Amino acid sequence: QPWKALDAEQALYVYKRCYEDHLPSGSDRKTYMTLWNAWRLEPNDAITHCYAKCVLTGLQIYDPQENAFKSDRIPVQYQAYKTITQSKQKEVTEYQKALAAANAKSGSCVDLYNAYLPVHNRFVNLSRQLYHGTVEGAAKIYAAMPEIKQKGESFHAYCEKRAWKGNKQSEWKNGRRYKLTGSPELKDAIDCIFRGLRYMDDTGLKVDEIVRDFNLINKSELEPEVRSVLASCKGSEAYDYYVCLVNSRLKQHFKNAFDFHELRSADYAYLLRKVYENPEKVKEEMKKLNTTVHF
């Protein structure tokens, strides 16, 4: 439309969300994480198969609507960061071509895993350069592109910095609160945050993502109320939904869910080993990072 390359934060989001959605719980967690951290598509079972599908989909190498590997996106991803990665054009073309040969078949987890596996085995190092899959390589991207939300920085803090960048004092100067002012700066900050938390994207509202945040604070029973509050909200801007949630019977639960996501948005590894404890613990953890917490 044309296709837009993914930055380091966008790639990190894909990796961490796929870990969250595919890592097993219990003793098996460490085993899979050790292999996947090393970029090994092992073991050869359904857990890894669907993890692979998740990452291919998130990096937009696989398109689920077309059920197709999108070979021509690889050179686009390369071109966007080539001065930083120093990846070789010859190898990029070879990677593109290997993807063009790949057969998605049904698009099932195993079909995509089987098709992608030899491509991965051949081009793993290049793929980690192109898609910001090394700590050192990603660091170069953040250093060259200060406009990307950094690791350790919450979306709320990143967005605050860009919403209040003039003479007017930030509404969150003493710490972020839930005061509803309807100011242009607050509306901007909230739009930036909703997009950063994947509550909204270019296709609009993601009701399921907001529900996920309530599930993550152990409030699964509130799902129908979360859906109802969003559904009855007049207006379709991020700020409108935020106002609807804050002014509803869900108020305190939303604050807890949104605050927990602030923490998680600063530390993309947070859930990958820790679970939700309580609001006071969240606040203490946020003090260690670049967040909008009260000190």
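Residue numbers run from 1 along the displayed sequence.
In the deposited sequence, the stretch from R273 to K274 hides 1 to 3 residues that have no coordinates. A summary of the deposited B-factors shows that, of 192-200 and 87-95, the stretch with the larger mean C-alpha value is 87-95. In this entry, 165-173 shows the higher mean Cα temperature factor of the pair 143-151 and 165-173. The entry lists C-alpha B-factors for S106, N121, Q77, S127, and the highest of these is at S106. Taking the deposited Cα B-factors for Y268, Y32, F254, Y62, the highest one is held by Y32.
Among the modelled residues of its chain, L289 has a C-alpha B-factor that falls in the middle third according to the deposited record. The PDB entry assigns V135 a C-alpha temperature factor belonging to the highest third of its chain's modelled residues. Residue-level temperature factors show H261 in the lowest third of its chain, judged at the C-alpha atom. Among the modelled residues of its chain, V246 has a C-alpha B-factor that falls in the middle third, as given in the PDB entry. Among the modelled residues of the chain, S27 sits in the highest third by CA temperature factor in this PDB entry.
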